[PDB]
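First, one chain by itself: the form deposited in one PDB entry, in structure tokens.
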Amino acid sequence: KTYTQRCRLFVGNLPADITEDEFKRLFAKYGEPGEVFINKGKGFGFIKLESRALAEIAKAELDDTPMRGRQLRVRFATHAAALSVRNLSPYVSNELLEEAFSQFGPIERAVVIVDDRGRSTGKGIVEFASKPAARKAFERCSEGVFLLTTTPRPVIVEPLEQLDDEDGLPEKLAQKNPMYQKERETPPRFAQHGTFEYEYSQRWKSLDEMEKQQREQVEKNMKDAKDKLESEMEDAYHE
């Protein structure tokens, strides 16, 4: 409900002379501050807010606000107790996923990822209130077999791989490596026919085509195996 790990905001690029009260004053308008931590050395800190709604407005209002020469970086703090669940039946909802995993501990959020048409992608995310609850959920679903629907397809729990697709890798940071500048010596272009570039870029296209051919064959192999399994079980059910 209040001050969850989903309300924790990370703030990077903080000035050298930053104080605990100074950092709290930045988020003064978003009600009472929660857990505030500052690594004065590495120039970053964390702050919990009452609600995810307040935290979202604070992130929006400060994501690139300048503070004493520095362009602050405000993002939601990385969830320590977030899990990825896969092999879900297309009939498992966010609510069913939450009910199911609640037996491992308290749940902050459980979502079933959907495609551009609202159909279950077979994958979901379960964010727990505590890291030992997420560890309990991961251990038990790997050791044993956890089923959410009548069909005996076990949920595949793994720790969630967190990827950033909002801030990314800006040029100001990438150009710190002199190898980036060496690589940018040639501008983005289309490989012209009859050059060293055209000859070898065609070989990369053939290699990429082969990678596609192989990955498509693996999913075909898995499909016929899941069908064969489904057929062998219908015959074994009748004892």
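The numbering used is simple: start at 1 and walk along the sequence shown. Heads up, when I say rigid core I mean the largest set of C-alphas that superpose within 1.5 Å between the two forms.
Although it is not shown, the form deposited in another entry is what the next lines describe.
Enquirer: Is residue 140 displaced by at least 2 Å at its C-alpha between the shown form and the other one when the rigid core is overlaid?
Expert: No, shifts by less than 2 Å.
Enquirer: Would you say residue 208 moves its Cα by 2 Å or more between the shown form and the other one, aligning on the core?
Expert: No; residue 208 is a residue whose C-alpha shifts by less than 2 Å between the shown form and the other one when the cores are overlaid.
Enquirer: If you line up the core, does residue 42 shift 2 angstroms or more at its C-alpha between the shown form and the other one?
Expert: Where the cores coincide, residue 42 still shows a C-alpha shift between the shown form and the other one that is 2 Å or more.
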